[PDB]
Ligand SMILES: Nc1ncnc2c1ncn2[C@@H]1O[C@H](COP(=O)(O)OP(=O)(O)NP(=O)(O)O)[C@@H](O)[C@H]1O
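Let's start with one chain on its own, the form deposited without the named molecule, as structure tokens.
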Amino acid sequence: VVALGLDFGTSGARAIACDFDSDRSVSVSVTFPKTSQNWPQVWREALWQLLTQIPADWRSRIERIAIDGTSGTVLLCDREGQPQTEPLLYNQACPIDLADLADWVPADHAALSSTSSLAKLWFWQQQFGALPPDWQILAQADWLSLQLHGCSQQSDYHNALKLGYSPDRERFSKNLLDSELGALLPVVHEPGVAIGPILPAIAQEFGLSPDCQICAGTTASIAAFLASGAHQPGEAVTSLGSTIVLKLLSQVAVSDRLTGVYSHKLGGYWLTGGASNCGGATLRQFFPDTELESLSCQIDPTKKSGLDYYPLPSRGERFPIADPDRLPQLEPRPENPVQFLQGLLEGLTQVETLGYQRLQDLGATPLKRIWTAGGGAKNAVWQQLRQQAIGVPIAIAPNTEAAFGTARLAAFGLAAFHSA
């Protein structure tokens, strides 16, 4: 099978045409401006550019296409999919009372944030006063795929989660559907399934096969996990980027609203996770990547440093333990930079450890393996500390690109996430 994965990030977009029969692949990229007063147009043009940069002999063999977008970015469009107002982005919060959403979701739902799609929809509702039933609200991936198949009000239960969708019971609440917001909600499918055939004009214009299928998309955070290929409960992906992001595959959904922990549905399994403010950003505050490696090469992990740090970049922690007043603990400081770096890495290691432990304490499936992603993944000393502190096999993930995971999503769907 030859599938195309489309990843739409925060600062740009990457496309990966992957060909799983050989295996061979080709990747292309576009970078967004940092400012614009017409983001949908930018996204659309980015889509066409991505399609254009892909070689013809590749486009003529693409069978299935999938699109992942940023979780939280939404658009308000009419019945034809034309943006009526300018999008509300993933980072933008809304000045509304969450108590207004209490009757539409359980009292622990992930949609109960000031950044969630439901909150943004309520905000738009109290700007416009009364949103027409003719209209629709669409996630970025929803809209971008709408550019490909033309079927309106279609979505997956990854992006719909923060819109108020209940993946546990495969539905929206009856109160939400009975409300004045119910008409704008999309039909929710499973990520990977084929929504419909590609538009004939589009296929003609880009030399694509008219029998090509556009599948239901997902989020970038999940597509990144899908790139690893982990499908057994207990398997986890740890992202050692600027901030440490933990993702654990479990047989049971967990949730802790205080720490921002919630679970996505993934086939017959669940994908839980968390995000700490600690990470590689704290490391580059004291060392450039220049000195970082040259100092890490002098660290023997099999002996403790005697240091006990909590490597926060600034005031406030979110996960595993939530306290918005916790100061960074980076004392005492030995003059030997090696042991200081070791202390930092030990701190981060403890962050990851306590994270996974808390995830297990919330009811998630016991940890079995670790697949590491991010810049810190190639750090073998850090890997040693991590394995010493956790006690499970840790290795570098074969792939980390979200577009590739989206390609695997288009080609195979969420089939592997069952036990049959």
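We number the residues from 1 along the sequence you see.
Novice: Can you tell me whether 277 to 285 has a higher mean C-alpha B factor than 211 to 219 in this record, or the other way round?
Specialist: Higher mean C-alpha B-factor: 277 to 285.
Novice: Quick check: 312 to 320 versus 148 to 156, which has the larger average CA B-factor in the record?
Specialist: Higher of the two, by average CA B-factor, is 312 to 320.
Novice: Among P301, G164, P191, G72, where is the Cα temperature factor highest, going by the PDB entry?
Specialist: The C-alpha B-factor peaks, among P301, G164, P191, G72, at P301.
Novice: Take the CA temperature factors straight from the PDB entry and tell me which of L226, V245, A99, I195 peaks.
Specialist: Result of the comparison over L226, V245, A99, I195: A99.
Novice: Sorting by Cα B-factor within the chain, modelled residues only, which third would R64 end up in: lowest, middle or highest?
Specialist: Its C-alpha B-factor belongs to the lowest third of this chain's values.
Novice: How does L266 rank on Cα B-factor within its chain, lowest, middle or highest third?
Specialist: Lowest third, going by the recorded CA B-factors of the chain.
Novice: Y90's Cα B-factor: lowest, middle or highest third of the chain?
Specialist: As the PDB entry reports it, the C-alpha B-factor of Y90 lands in the middle third of its chain.
Novice: How does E170 rank on Cα B-factor within its chain, lowest, middle or highest third?
Specialist: Middle third by C-alpha B-factor.
Novice: State the tercile, meaning the lowest, middle or highest third, of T406 with respect to the CA B-factors recorded for its chain.
Specialist: Answer is lowest: the recorded C-alpha B-factor places it there.
What comes next is about the form solved in complex with the named molecule, which is not displayed.
Novice: Quick check on this chain: which one of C212, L344, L240, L144 has a heavy atom within 4.5 Å of the named molecule in the entry with it bound?
Specialist: In short, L240.
Novice: Which residue, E190, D100, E293, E205, has a heavy atom that falls within 4.5 Å of the named molecule in the entry with it bound?
Specialist: The residue from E190, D100, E293, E205 that makes the contact is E293.
Novice: Using a 4.5 Å heavy atom cut-off, state whether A281 contacts the named molecule in the entry with it bound.
Specialist: Contact with the named molecule, yes.
Novice: Check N379 for me: does it contact the named molecule in the entry with it bound (non-hydrogen atoms, 4.5 angstroms)?
Specialist: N379: contacts the named molecule in the entry with it bound.
Novice: Evaluate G374 for contact with the named molecule in the entry with it bound, applying a 4.5 angstroms cut-off between non-hydrogen atoms, and reply yes or no.
Specialist: Yes.
Novice: Does any heavy atom of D134 come within 4.5 Å of a heavy atom of the named molecule in the entry with it bound?
Specialist: No.
Novice: Of the listed stretches (193 to 201, 241 to 249, 121 to 129, 79 to 87), which one has a non-hydrogen atom within 4.5 Å of the named molecule in the entry with it bound?
Specialist: Result of the contact check: 241 to 249.
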